[PDB]
Structures are given as structure tokens and as C-alpha cells.
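What follows is a single structure, written as C-alpha cells, with notes after it.
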Amino acid sequence: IXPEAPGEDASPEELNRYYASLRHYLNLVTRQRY
Ligand code: CNC
């Protein structure tokens with residue numbers, strides 16, 4: 001897979017965005033939970 005990737009605002013705030021896309025993209029395909 002490869003999700004929605006940031007780089008426009010601020011580093012830790014955009015880490016949170018990509019980590020949210022990561023958990024979404026996992027829930028989209030495989031049965032693991034957060
Ligand atoms: C391709 O392999 C992708 O990897 C590129 N990338 C991301 N981070 C990198 C760090 C370094 C030193 C180098 C040489 C490359 C790095 C880039 O993201 C490539 O992705 P693409 O899809 O091709 O480009 C997308 C479309 C746009 N990307 C951006 O604009 C960058 C966004 C980012 C918020 C970001 C991301 C998303 C990712 N990092 Co980087 C972090 N954290 N970073 C590492 C790893 C990633 C990770 C792979 C998880 C994300 C990539 C996902 C993606 N496709 O976008 C680690 C390096 C691993 C390695 N291969 O050597 C790390 C060195 C260690 C760590 N885990 O913290 C790392 C650091 C320290 C830093 N990342 C920066 C650049 C952010 C960036 C935000 C920004 N402001 O631009 N990463 C950041 C500034 C964040 C920070 N912690 O401060 C760090 C650089 C050091 C510094 N100057 O402070």
C-alpha cells in the first residue's frame with residue numbers, strides 16, 4: 001500500500017495526519033485494531 005502523504009504545514013502535526021492515514025489504510029485492508 002501507499003497512503004496520503006503530507007509536507008505543507010508543520011512536522012509533528014503532519015506526522016499525526018500520516019499516522020491517521022496509516023491506521024485508516026490498515027483498517028481498509030487487514031483485521032488488526034487500534
Ligand atoms: C521516500 O523514501 C520518502 O522519504 C522522504 N523523507 C521523509 N522523511 C525523511 C527524512 C530524511 C532525512 C530523508 C533523507 C528523507 C525523508 C519523503 O517523505 C519521501 O516521501 P514521498 O512520498 O516521496 O514524498 C512525499 C509526497 C512528501 N513528503 C514530504 O514532504 C516530507 C513529509 C515529512 C512530514 C516526513 C514523512 C512523511 C516521512 N518521514 Co521524515 C519523518 N518523520 N523521516 C523519516 C521517515 C519518514 C517516513 C518514511 C515515515 C515518512 C515518509 C512517508 C511519505 N511517503 O511521505 C526517517 C528517515 C528514514 C530514512 N530512510 O532515512 C527520519 C530520518 C527518522 C524519523 N523517523 O523521524 C525522518 C526525519 C528525522 C524527518 N522527516 C521529515 C523530513 C518529515 C517531513 C516533514 C517536513 N517538514 O518536511 N518526514 C522531518 C523534517 C520531520 C521531523 N521529525 O522533524 C525530519 C528531517 C530532519 C529535520 N530536518 O528535522
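How things are named: the first chain in the C-alpha cells is A, the next is B, and so on; residues count from 1 in each chain; ligands count from 1 in the order shown.
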* To do: Set the cut-off to 12 Å, count only C-alpha atoms and all ligand atoms, and list whatever residues fall near ligand 1 as a ChimeraX atom specification.
  => /A:1-22
* Can you list, as a list in words, every residue of chain A that DSSP puts in alpha helix (DSSP H)? ->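 Checking each residue of chain A, the alpha helix (DSSP H) ones are residues 11, 12, 13, 14, 15, 16, 17, 18, 19, 20, 21, 22, 23, 24, 25, 26, 27, 28 and 29 of chain A.
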